[PDB]
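Enquirer:
Protein chains: 2
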Amino acid sequence: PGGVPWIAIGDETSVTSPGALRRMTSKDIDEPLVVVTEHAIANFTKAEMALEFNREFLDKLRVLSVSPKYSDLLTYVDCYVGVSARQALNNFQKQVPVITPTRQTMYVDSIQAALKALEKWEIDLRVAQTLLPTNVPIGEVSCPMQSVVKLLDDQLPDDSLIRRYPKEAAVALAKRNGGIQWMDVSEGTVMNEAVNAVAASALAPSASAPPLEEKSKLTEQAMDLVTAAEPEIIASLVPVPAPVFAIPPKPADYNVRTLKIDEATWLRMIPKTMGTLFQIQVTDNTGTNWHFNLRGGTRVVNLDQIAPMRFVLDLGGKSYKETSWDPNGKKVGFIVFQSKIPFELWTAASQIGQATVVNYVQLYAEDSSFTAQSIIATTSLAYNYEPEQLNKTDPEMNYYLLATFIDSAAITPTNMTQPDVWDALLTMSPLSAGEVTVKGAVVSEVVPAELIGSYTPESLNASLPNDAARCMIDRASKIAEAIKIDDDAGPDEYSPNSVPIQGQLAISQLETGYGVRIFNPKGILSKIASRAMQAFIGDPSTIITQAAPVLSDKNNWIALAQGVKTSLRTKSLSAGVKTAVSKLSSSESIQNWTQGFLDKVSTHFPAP
Amino acid sequence: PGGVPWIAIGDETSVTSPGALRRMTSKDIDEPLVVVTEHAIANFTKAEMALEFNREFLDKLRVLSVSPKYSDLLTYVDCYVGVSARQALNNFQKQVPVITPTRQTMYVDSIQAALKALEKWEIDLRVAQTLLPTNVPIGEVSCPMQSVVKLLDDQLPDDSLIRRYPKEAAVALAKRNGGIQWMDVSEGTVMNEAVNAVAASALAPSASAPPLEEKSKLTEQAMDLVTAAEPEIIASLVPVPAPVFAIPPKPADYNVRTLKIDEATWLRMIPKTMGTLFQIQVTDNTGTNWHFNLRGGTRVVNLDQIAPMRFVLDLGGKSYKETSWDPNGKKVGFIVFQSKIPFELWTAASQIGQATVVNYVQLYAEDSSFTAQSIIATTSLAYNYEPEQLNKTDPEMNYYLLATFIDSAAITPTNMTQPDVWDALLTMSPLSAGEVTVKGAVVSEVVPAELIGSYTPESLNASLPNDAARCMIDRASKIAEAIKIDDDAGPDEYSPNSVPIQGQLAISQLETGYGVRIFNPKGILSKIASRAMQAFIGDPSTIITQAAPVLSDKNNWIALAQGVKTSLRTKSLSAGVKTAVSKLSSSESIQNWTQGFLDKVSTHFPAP
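As you go down the protein sequences, you meet chains A and B in turn. Here the first sequence stands for residues 43 to 71, 97 to 675, numbered as in full-length UniProt numbering. Here the second sequence stands for residues 43 to 71, 97 to 675, numbered as in full-length UniProt numbering.
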């Protein structure tokens with residue numbers, strides 16, 4: 043039963059309009100009055116049963132021997148009943164169980180106090196169960212009870228009260244587990260007295276089959292995984308908003324000096340062989356001006372369009388030692404320029420436009436265990452790039468990122484010849500969570516089907532940490548895991564989730580398309596479909612990888628994704644025979660090992 | 043129902059005292100009477116229903132065609148049944164459901180055998196389901212039965228038992244497929260009257276809305292995340308028990324030559340300029356004597372105070388070539404010295420004290436990739452060291468670990484100038500996670516608020532994996548996941564998640580500003596809060612950053628954490644319609660694509 047008590051606002055037994063009704067009050071019988104659910108009553112009853120499970124310790128504690136009996140508190144009455152006034156006006160009810168919250172609280176507090184008091188006995192009882200094996204993998208085994216007692220007495224806790232109170236522990240163990248047997252000395256009677264025994268036999272797995280509940284649970288978990296993956300999103304053929312498609316990104320490290328300009332569209336560089344060299348000066352946050360020289364081959368990250376990004380650089384163990392340059396004790400910084408002039412075209416400092424020195428550190432160099440090898444001390448040079456902090460308005464304004472040793476005074480060009488210090492190990496942390504990259508560009512939305520099989524290994528490797536392909540691969544790996552949970556078919560073994568792929572391949576060959584037509588036998592297509600599904604599960608990143616042999620078709624991909632979900636939808640308590648038989652064989656062998664151990668115990672713990 | 047019928051030995055449940063109560067017996071009517104939960108009765112009924120899905124195949128097996136009616140086996144009789152004797156005395160009931168354990172076992176075994184018998188026929192039927200697209204975006208859709216039959220014949224597998232039993236298969240398809248309806252031979256009527264459609268609706272979206280069970284499961288996963296987080300503990304600013312916060316440590320690799328002792332409190336190395344080289348010889352437990360000399364500038368692991376640790380060393384690629392000594396084929400060893408004098412304070416041979424080589428490796432080297440350069444082969448010198456073996460009883464006693472070449476024969480120091488072979492790839496596995504440093508100080512117990520915002524990026528890098536900050540970050544990642552489930556709003560958009568954040572900033576705005584004091588608009592406050600929240604979504608681990616301007620307030624994080632847990636607890640079935648509707652639209656277009664493909668197939672295999 044559910045709802046709250048409603049009493050006539052004004053005239054008793056003549057109520058017609060909602061205006062005529064009001065919430066019935068405690069003063070009408097002013098504490099709360101609530102309808103008691105049968106389900107709650109049954110659960111409290113189960114709670115009392117757990118208390119009876121722990122009854123021996125509480126009695127030995129000489130405290131609260133009387134059981135709570137929650138059913139006593141219930142009060143059933145005929146009246147208008149509803150969660151809202153409307154229901155009660157249309158819902159008069161009879162004998163509704165009712166109680167005040169405060170009384171329920173007192174009852175629960177008493178139960179909680181009881182559990183806290185019984186805390187030690189249950190732990191000691193579990194210790195008694197774990198002292199020796201208390202359960203058998205299959206069937207049952209038995210041994211000399213006096214020999215069993217000898218072993219228990221030998222390993223029993225020294226301070227255990229059970230050493231003074233064995234019988235209560237014996238009753239408790241007999242209550243939870245059917246196998247342990249304590250004969251009644253008075254009648255010499257022995258029989259299972261447990262009331263959980265029937266339930267245990269009901270919930271035991273069959274002689275050759277695992278429990279039905281396990282199959283249902285696994286299938287439900289697989290469906291939850293598929294729902295979390297979002298098959299419609301992964302297999303989407305229409306544009307998907309970047310926030311909807313994207314998932315949390317992960318950091319990536321790069322060496323800018325070693326990057327290939329034919330791979331990265333996010334970097335700009337001054338042409339080499341130009342012989343260009345010019346020193347430039349930039350103020351720091353304290354207003355100190357710092358001067359450094361720019362030369363051909365100097366490269367910069369093109370900040371515009373890359374989103375807010377945090378960069379941390381570690382040069383530890385590097386050399387960078389020059390004929391007139393020693394990195395030891397040097398100072399380095401990250402340089403960011405803001406100007407309308409392209410960096411590659413820069414020949415003078417003014418084309419750098421707005422620049423500020425905001426960060427620098429003093430370097431340390433040392434010599435390695437290998438002779439003639441010098442090691443730079445570990446560094447953590449960090450630059451935070453906020454495009455919003457720049458607040459770019461003028462499109463002409465171009466943003467460039469540089470990392471180089473920084474000095475307040477223009478450097479003698481002969482002393483330091485490097486175009487930049489980008490030959491360093493860089494750790495990048497995105498400062499943007501709203502930008503994703505597709506086809507070399509940040510995207511507000513993407514086509515997942517187009518995403519399928521659209522990246523070469525080189526392109527994916529060059530991709531930034533915010534790349535859509537990486538997010539797609541993570542979603543694909545979740546789907547592959549879900550498909551593998553749903554299908555236990557081996558490679559080259561057909562399944563309800565692979566045959567649709569075989570059908571798609573057959574339809575594709577039949578379809579009038581382009582190129583040399585061929586007919587493939589159904590069995591071969593079926594084997595290929597099984598292999599394709601296994602390959603997808605093994606390497607979900609293949610889905611955005613170019614040249615997928617069979618998974619390349621977005622329609623094939625959709626069919627497979629939909630098929631696994633449907634298999635879960637129409638599946639009822641499915642199971643695998645091979646695993647169950649292996650478990651039974653293992654259980655029997657373990658039982659044999661246990662029986663041998665018990666025989667050894669009987670020899671080493673002979674009954675007195 | 044449940045519990046154990048209770049009476050005195052002469053009459054069960056008739057004992058004034060608890061011990062004599064006895065089980066109801068067949069003489070009362097040697098299996099004990101077994102009470103059954105109403106839920107248990109319903110589940111057994113569902114199991115019998117499960118048999119009916121392919122019960123036609125059982126009829127093919129001619130086994131248990133009759134519906135089971137285990138409820139008939141259930142027998143209701145008035146009696147006193149008590150889980151505890153006290154309980155049975157307290158309450159008396161009538162028409163108690165009863166069963167014999169053996170009968171229950173036989174019934175369950177029979178049901179399991181039936182499922183096992185129907186497994187192959189059911190698998191063929193599931194393959195038949197997988198043969199065609201079987202999911203529809205709204206309700207159910209159907210296809211030409213004749214065209215469907217043509218396709219079944221086109222792709223039908225010969226081995227299918229359906230070839231053995233087609234009519235039953237047709238009945239089963241009608242039983243479980245809304246789209247598949249067979250015209251009645253007698254009535255020429257095609258329709259679905261099966262309860263599978265009722266079953267589909269049970270897990271299907273509601274008449275007025277999409278299914279909310281998935282949203283409920285997602286909310287439950289979020290509550291599980293909150294339970295794992297224990298945020299008040301993870302937001303503590305006051306002393307916390309170390310074990311509850313502590314979590315398992317992770318092994319990490321470092322190069323001692325690359326190691327920077329000054330930045331890290333933990334790192335210990337003999338200072339350079341001591342320049343002390345002395346040859347020492349000791350024998351091991353086996354009794355092998357080894358001659359080796361400690362040299363100036365040598366650094367050693369400070370074993371004292373670091374607890375148990377296992378270390379693996381790779382020296383491959385270090386030239387290490389002596390004038391008359393070839394590094395290839397040489398043996399190097401790890402030496403542990405135990406003595407009162409500080410290793411840095413060591414100036415004489417006697418100072419090393421209990422110095423022992425725990426492990427040593429002899430290895431061969433070959434030419435490297437570098438032109439004219441040879442490379443030592445890949446190596447893993449490894450030793451596991453724990454505190455008990457040292458058994459330190461004296462604080463003066465200090466323990467140190469060193470990597471250097473070790474040989475039984477005396478080795479001339481002039482030829483080999485290396486202070487140590489510590490300039491090598493090293494893998495260290497922690498055997499203890501009890502050491503943390505905060506406030507620039509090593510701490511026995513850790514305060515999460517002290518952990519919050521206490522490490523600079525270089526300082527965090529200095530912090531070892533055992534540092535509490537990493538554990539705080541993992542707890543934050545679970546919290547971050549909960550926050551993400553809670554809010555899917557776009558960046559810079561005010562949201563329920565940021566309400567605690569805006570309130571915290573507002574209190575900060577209320578706070579009198581020490582030195583510079585300014586007032587910021589609540590809408591501007593909302594924009595900044597949105598940026599801050601998006602930044603957290605980008606990187607939760609940033610919270611540990613010392614004095615993090617973005618993550619400056621620990622109390623704000625603590626308050627938000629309580630608020631986020633509340634929002635998850637407060638959440639009552641709230642979900643977003645737009646993504647689902649877009650997915651349904653794509654699904655409908657896919658359904659249209661599927662219809663077109665089936666149409667082309669009918670062109671190939673037209674329905675008569």
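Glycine included, every Cβ here is placed at the ideal spot set by N, Cα and C.
Can we count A239/B as close to the ligand NAD, meaning its CB is less than 6 Å from some heavy atom?
Expert: Although the ligand NAD was asked about, the structure shown includes no ligands whatsoever.
Enquirer: Beta-carbon separation of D487/B and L469/B under 7 Å?
Expert: Going by C-beta atoms, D487/B is nearer than 7 Å to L469/B.
Enquirer: Roughly how many angstroms lie between the CA atoms of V215/B and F312/A, to the nearest whole one?
Expert: Spanning the two alpha carbons is a distance of roughly 36 Å.
Enquirer: Under 9 Å between beta-carbons, which chain A residues line up against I328/B? List them in chain order, please.
Expert: The premise fails here: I328/B is roughly 10 Å from chain A at the closest Cβ pair, so nothing lies under 9 Å.
Enquirer: Given that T294/A touches chain B, what residues does it touch there, using C-beta distances under 9 Å?
Expert: The contacting residues are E281, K284, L285.
Enquirer: Taking 6 Å as the limit between beta carbons, can you name the residues of its chain near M336/B, skipping five residues before and five after?
Expert: Only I328, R366 meet the Cβ criterion.
Enquirer: At the level of alpha carbons, what is the spacing between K69/A and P204/B?
Expert: Approximately 54 Å between the Cα atoms of the pair.
Enquirer: In whole angstroms, what separates the C-alpha of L457/A from that of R598/B?
Expert: Cα-Cα distance, rounded: 15 Å.
Enquirer: Taking contact to mean 3 or more Cβ pairs, one atom from each stretch, closer than 8 Å, check whether the segment 631 to 643 of chain B and the segment 273 to 289 of chain B are in contact.
Expert: A contact exists between the segment 631 to 643 of chain B and the segment 273 to 289 of chain B.
Enquirer: Three-state secondary structure (DSSP) at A508/B?
Expert: Strand at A508/B.
Enquirer: How about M116/A: is its C-beta nearer than 7 Å to some C-beta of chain B?
Expert: So, interface residue.
Enquirer: Do you know offhand how far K551/B's Cα is from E105/A's?
Expert: Approximately 37 Å between the Cα atoms of the pair.
Enquirer: For the alpha helix (DSSP H) that contains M173/B, what are its first and last residues?
Expert: Segment 168 to 198, the alpha helix (DSSP H) holding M173/B.
Enquirer: What does DSSP give as the partner residue(s) for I402/A in the beta ladder?
Expert: Paired residues: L469/A.
Enquirer: With a threshold of 16 other CB atoms inside 10 Å of the CB of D534/A, please say whether the residue is buried or exposed.
Expert: Buried is the call here.
Enquirer: I need the straight-line Cα distance from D176/B to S273/A, nearest angstrom please.
Expert: Looking at the two C-alpha atoms, the distance is approximately 6 Å.
Enquirer: Quick check on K161/A: does DSSP put it in helix, strand or coil?
Expert: Note: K161/A maps to strand in three-state DSSP.
Enquirer: Where DSSP assigns a beta bridge to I443/A, which residues make up the other side?
Expert: Its beta-bridge partners are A432/A.
Enquirer: Do you know how far the Cα of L63/A is from the Cα of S268/A?
Expert: Cα to Cα, the separation comes out at about 53 Å.
Enquirer: Against chain A, with Cβ distances strictly below 7 Å, would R366/B count as a contact?
Expert: Taking Cβ atoms only, chain A never reaches closer than 7 Å to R366/B, which makes this a no.
Enquirer: Decide if the segment 413 to 421 of chain B is in contact with the segment 377 to 389 of chain B; the criterion is three or more beta carbon pairs, one per stretch, under 8 Å apart.
Expert: Contact between the segment 413 to 421 of chain B and the segment 377 to 389 of chain B is absent, because fewer than three Cβ pairs lie under 8 Å.
Enquirer: Assign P567/A to buried or exposed, taking buried as 16 or more other Cβ atoms, counted over all protein chains shown, within 10 Å of its Cβ.
Expert: Buried.
Enquirer: Could you spell out where the beta strand (DSSP E) holding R335/A opens and where it closes?
Expert: Residues 334 to 336.
Enquirer: Which complete alpha helix (DSSP H) runs does the segment 634 to 668 of chain B hold, if anything under 4 residues is left out?
Expert: As far as the segment 634 to 668 of chain B is concerned, it has no whole alpha helix (DSSP H) run of at least 4 residues.
Enquirer: Is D393/B helix, strand or coil when you go by DSSP?
Expert: DSSP places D393/B in coil when its eight states are reduced to three.
Enquirer: Evaluate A516/A with the Cβ neighbour count: other Cβ atoms within 10 Å of its Cβ, from every protein chain shown; 16 or more gives buried, anything less gives exposed.
Expert: Classification for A516/A: buried.
Enquirer: If we ignore side chains and look at the alpha-carbon of each, how far apart do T294/B and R170/A end up?
Expert: In a straight line, the C-alpha of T294/B is about 28 Å away from that of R170/A.
Enquirer: Contact criterion: CB-CB distance below 7 Å. Does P563/A meet it with respect to chain B?
Expert: Yes, its Cβ sits closer than 7 Å to a Cβ of chain B.
Enquirer: Express the C-alpha separation of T390/A and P524/A in angstroms, rounding to a whole number.
Expert: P524/A and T390/A: Cα-Cα distance of roughly 40 Å.
Enquirer: With DSSP as the reference, label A302/A as helix, strand or coil.
Expert: DSSP places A302/A in coil when its eight states are reduced to three.
Enquirer: Within the continuous beta strand (DSSP E) that includes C146/B, where are the two ends?
Expert: First-last of the beta strand (DSSP E) with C146/B: 142 to 146.
Enquirer: I'd like to know if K385/B contacts chain A, where contact means its C-beta is closer than 7 Å to some C-beta of that chain.
Expert: Chain A, which has a Cβ nearer than 7 Å to the Cβ of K385/B, makes this yes.
Enquirer: Looking only at C-alpha atoms, which of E54/A, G61/A, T67/A sits nearest to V46/A?
Expert: Of the listed residues, the one whose Cα sits closest to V46/A is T67/A.
Enquirer: Take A184/A as the anchor and find which of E235/A, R122/A, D225/A, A239/A has the nearest alpha-carbon.
Expert: Here the closest residue by C-alpha is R122/A.
Enquirer: Terminal residues of the continuous alpha helix (DSSP H) containing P310/A?
Expert: Note, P310/A: alpha helix (DSSP H), 309 to 312.
Enquirer: Can you name the start and end residues of the alpha helix (DSSP H) that residue 21/A belongs to?
Expert: Since the first residue shown for chain A is 43 and the last is 675, residue 21/A is missing from the structure and cannot be characterised.
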